[PDB]
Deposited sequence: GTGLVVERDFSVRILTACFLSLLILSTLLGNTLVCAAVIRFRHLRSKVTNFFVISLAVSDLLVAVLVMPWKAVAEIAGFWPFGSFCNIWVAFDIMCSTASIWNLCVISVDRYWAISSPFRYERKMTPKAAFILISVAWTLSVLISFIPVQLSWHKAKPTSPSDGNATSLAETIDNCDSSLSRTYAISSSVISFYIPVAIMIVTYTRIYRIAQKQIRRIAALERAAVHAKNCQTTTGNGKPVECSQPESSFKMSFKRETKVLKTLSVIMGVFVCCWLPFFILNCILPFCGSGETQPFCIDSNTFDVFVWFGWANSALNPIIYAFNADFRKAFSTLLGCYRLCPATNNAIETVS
């Protein structure tokens, strides 16, 4: 059964790397896909995911295959990179949602205020927060086989700063977007019925495929990370549920970088 798990993890890592490389190539190669400011976040996410598939997933995979942690004096930096990449990906998703909300609610002000400088400042703030929440506590021994669990206070603080606040922000963003879409679709429907649902259904299906997937991927991991310190649960289930958080890194570009533009880019590239 171990060989099957190893093969599955290797296939997942290879798929993640391939997706990230294809996205980065489609971005840096063509110029019509880099003109949009929002794309500056998309790549910023892909890059993050790439790191997850490089400096996070392979090490844990080989450690689980070997059954222990052979890389002595390396678990600290590994956890640091893991937390950095996780926080960076989550905040990239959050800022992407905020950007889409600003573009859908006020596109006229969006086109004049959302300049490349603003996107760069946001990507900066995101990566700087990910670095501060990850390295500063680990290097200073604040988070205190590498199976030791995180401390209660640090675990709670990191879970709040990394997941829950972005979760609420994305929730309110998508809720407002859905309300605007409903208002416009129902105006169109009223005009139609006065002259003489399926659109709202598609919008809700997309919003579900996004938010419910993100939740099923990340939420239970943080729930366990918050419960266990105060403990109850075996490490096997914790690993099985945190692997979903890393698979989310590969699932992200399938939803955020798979629109008509990216499809045409991948078709004309390969």
item	value
Deposited positions without coordinates, collected into consecutive stretches in sequence order	1-11, 156-174, 227-253, 289-296, 336-352
